[PDB]
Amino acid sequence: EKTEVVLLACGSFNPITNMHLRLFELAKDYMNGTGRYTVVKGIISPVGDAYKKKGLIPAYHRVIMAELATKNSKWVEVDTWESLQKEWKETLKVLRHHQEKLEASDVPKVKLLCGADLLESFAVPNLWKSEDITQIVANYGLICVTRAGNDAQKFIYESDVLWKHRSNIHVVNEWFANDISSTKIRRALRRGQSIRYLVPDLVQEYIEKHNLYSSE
C-alpha cells in the first residue's frame, strides 16, 4: 500500500561525481525504509546551454558523462528534455513536465532530490518567489540528503513557507562523508591532479580524453 515515488535531480552535473550517485542510493534506501514508500525510478536532468554560466561546458558533454555514470544502474536514468529546450526552464516547470509525463502512462509522485544548499538558497532575500517555493514544496516534495541535517532542520524552522509544508520535506542524514563537489573536481583538474576514485572510471576516462576542465 506504499506510495510510489520518482526521484528527480536537477543541476549542472559539471561534472557528475560519485557524490551525486551516492545521493540517489541514500535517498531510496531512506524512502523505502519509511515503510510508507517505494522508490520506483530516479532521474538526473542536467541544465541546458541557455543557462549561460562561466565554466559550464556544453550540455552534450554533461549529458554523456551522466549517461556513463549510470549505465549499469538498474533504476536511475538521464532525461535530456530540459537540456534540449531553447529557453532556460525553471525547476518548477521541469517538475511539472516530469509529473505530467507519468500521468500520461495512464500514479507515481515525483519529488525533488536536493541538498541543504537548496534550502539555503530558498531564503536568500529576493532570490526566490515565495509562491514558487510554495508550489515545489507543496505540490511535489523535497528529499534533502545531507551531512548537516542539523543545518537542514534549522532552515526549515526559520522559513514559514518551509515550516508550513514540512510534512512534505524529508531530511536525510549521510553518515558517510563523501563531499565530492563539482567545484572541487574542476579545481583538481585544472591543477593536473588525479580524480580517480572520486568519479566513475568511465567518467574519468571521458574527461581525460577530451581534456575537459584542464584549461583556465
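Note that residue numbering follows the sequence shown and begins at 1.
Missing coordinates between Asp106 and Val107 amount to 10 or more residues of the deposited sequence. Averaged over Cα atoms, the B-factor as recorded in the entry is higher for 148 to 156 than for the other of 148 to 156 and 181 to 189.
Averaged over CA atoms, B-factors in the entry run higher in 117 to 125 than in the other of 138 to 146 and 117 to 125. Residue-level inspection of the entry shows that, of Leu84, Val76, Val94, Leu112, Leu84 has the top Cα B-factor. Within the listed group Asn173, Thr70, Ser45, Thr38, the record reports its top CA B-factor for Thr38. Per-chain ranking of the deposited C-alpha B factor places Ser130 in the highest third. Compared with the other modelled residues of the chain, the Cα B-factor recorded for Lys209 ranks in the middle third. When all modelled residues of the chain are sorted by CA temperature factor, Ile64 is found within the middle third.
When the modelled residues of the chain are ordered by their C-alpha B factor, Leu26 lands in the lowest third. Annotation for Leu162: C-alpha temperature factor in the lowest third relative to the rest of the modelled chain, per the entry.
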